[PDB]
Amino acid sequence: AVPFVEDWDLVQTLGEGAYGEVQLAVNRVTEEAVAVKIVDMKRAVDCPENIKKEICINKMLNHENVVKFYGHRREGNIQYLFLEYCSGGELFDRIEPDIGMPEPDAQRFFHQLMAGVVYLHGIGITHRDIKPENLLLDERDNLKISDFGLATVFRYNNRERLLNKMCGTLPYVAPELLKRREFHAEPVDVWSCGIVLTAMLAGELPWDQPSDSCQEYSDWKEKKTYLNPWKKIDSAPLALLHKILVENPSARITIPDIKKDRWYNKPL
Ligand SMILES: O=c1[nH]nc2cc(CO)c3ccc(-c4ccc[nH]4)cc3n12
């Protein structure tokens, strides 16, 4: 990207994406900032197809709680994706370890998270890796869903399909990914949003994984909310978490009903 880097300072690394590292690029003349995701397609034989899909999905998106996609180009074996620079950083860094953040801040972010996910689901897209590292903040602390490297289409027009791919980040994945050969897309994203809410409120992930052998998950199934992280969480948001972190995805709360939840609507 020699002409580009003559005019744009690749100032620093912002982070890792599913398929590559993301850099802050600043135009020397205009000082416009853009995020440049740099993907080495030689790292996997299926990387070209995979990054092509991320690009394709990105072209479908336009929402205030989704990271803007500006464009892309290839040079040799490297794919460059040009994305909104979200100057508020990752939601992850608003979460004080073992403490979380103030409840009003968690609620606001959660509302914005719901808005983004509703939008994605409405266009038939599931993100599949919702976590604080993939939720960015703009200059006014508006939440933006980031990184569609693991995203896929679960509804073609008005026809849903079941998914089967075990992907995502283990502490955030729904138990059906470890239990059912096929499953519905939307409840998996709802579950990860519940784990994000948990992390925001208590600064602590509740379990390594929602599997039968994970004691911390068994403790939750057994309603032991007198243990961490749950004992740090007020009963109101905890009541919502009780509805989101339901093992049977068919019994799990849907987003329309999350919007009816008492804590969701609570003036703080
Ligand atoms: O601005 C962006 N666009 N895409 C991304 C992707 C990541 C990786 O999570 C990313 C990570 C961090 C930051 C940031 C940190 C501080 C201010 N901003 C921006 C990011 N970022």
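Quick note: the coordinates plus some simple rules give every number you see, no bench work behind them. Here the Cβ positions follow ideal geometry from the backbone for every residue, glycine too, while neighbour counts run over all protein chains shown.
Hey, can you rank 112-119, 233-240 by average C-beta count inside 10 Å, highest first?
112-119, 233-240
Provide, for q = 0.07, 0.15 Å⁻¹, the log10 of I(q)/I(0) from a solvent-free Debye sum over equal Cα point scatterers in the chain.
At q = 0.07, 0.15 Å⁻¹ the computed log10 ratios are -0.26, -1.12.
Most exposed first by the Cβ proxy, i.e. fewest other Cβ within 10 Å, how do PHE109, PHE69, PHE4 rank?
Listed from fewest to most nearby Cβ atoms, that is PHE4, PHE69, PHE109.
What is the distance in Å between the Cα centres of segment 62-92 and segment 206-268?
Their Cα centres are 32 Å away from one another.
Along the Cα→Cβ direction, 7 angstrom out, place labels at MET166 and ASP212. What is the inter-label distance in nm?
Taking the simple label geometry, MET166 and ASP212 are separated by 1.4 nm.
Highest mean first, what order results for 11-17, 134-140 on Cβ atoms within 10 Å?
Final packing ranking: 134-140, 11-17.
Among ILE51, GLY76, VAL36, whose Cα projects farthest towards the positive end of the dipole of the chain, with charges put on the beta-carbon of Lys, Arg (+1) and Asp, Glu (-1)?
In the chain, that residue is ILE51.
What is the set of long-range amide H partners of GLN23 at a cut-off below 5 Å, with H atoms built 1.01 Å from backbone N?
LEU14, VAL36, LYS37, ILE38
Projecting each Cα onto the charge dipole of segment 194-265 (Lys/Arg +1, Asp/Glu -1 at the beta carbon, about the Cα centre), which of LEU245, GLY203, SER235 comes out farthest on the positive side?
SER235
Can you pull the semi-axes for segment 10-99, root of five times each eigenvalue of the Cα gyration tensor, sorted largest first, whole Å?
23, 17, 15
In what order do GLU186, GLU216 fall by count of nearby beta-carbon atoms within 10 Å, going from fewest to most? Don't skip to the answer; put the middle values down first.
Working: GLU186 21, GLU216 17.
In order of increasing Cβ crowding within 10 Å: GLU216, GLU186.
With θ set to phi - 60°, apply the Karplus curve 6.51 cos²θ - 1.76 cosθ + 1.60 along segment 127-136 and write out the HN-Hα couplings as whole Hz, x wherever there is a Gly or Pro.
Values, residue by residue: 6, 6, 8, 6, 6, x, 6, 10, 10, 9 Hz.
Under 25 Å between alpha carbons, and skipping anything fewer than 8 positions from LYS243 in its own chain: which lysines qualify?
Candidates past the 8-residue exclusion: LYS131, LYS144, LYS165, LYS179, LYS221, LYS223, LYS224, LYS231, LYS232, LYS259, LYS260, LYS266.
In debye to the nearest 20, how big a dipole does segment 1-96 give about its Cα centre with +1 on each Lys and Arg Cβ and -1 on each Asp and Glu Cβ?
Charge dipole, segment 1-96, about its Cα centre: 440 debye, nearest 20.
How would you rank 50-57, 256-263, highest first, on the average number of other Cβ atoms within 10 Å across their residues?
50-57, 256-263
Label segment 47-154 by shape, choosing from rounded, prolate and oblate, from the square roots a ≥ b ≥ c of the eigenvalues of the Cα gyration tensor; if a/c is under 1.5 it is rounded, and otherwise prolate applies when a/b is larger than b/c, oblate when it is not.
prolate
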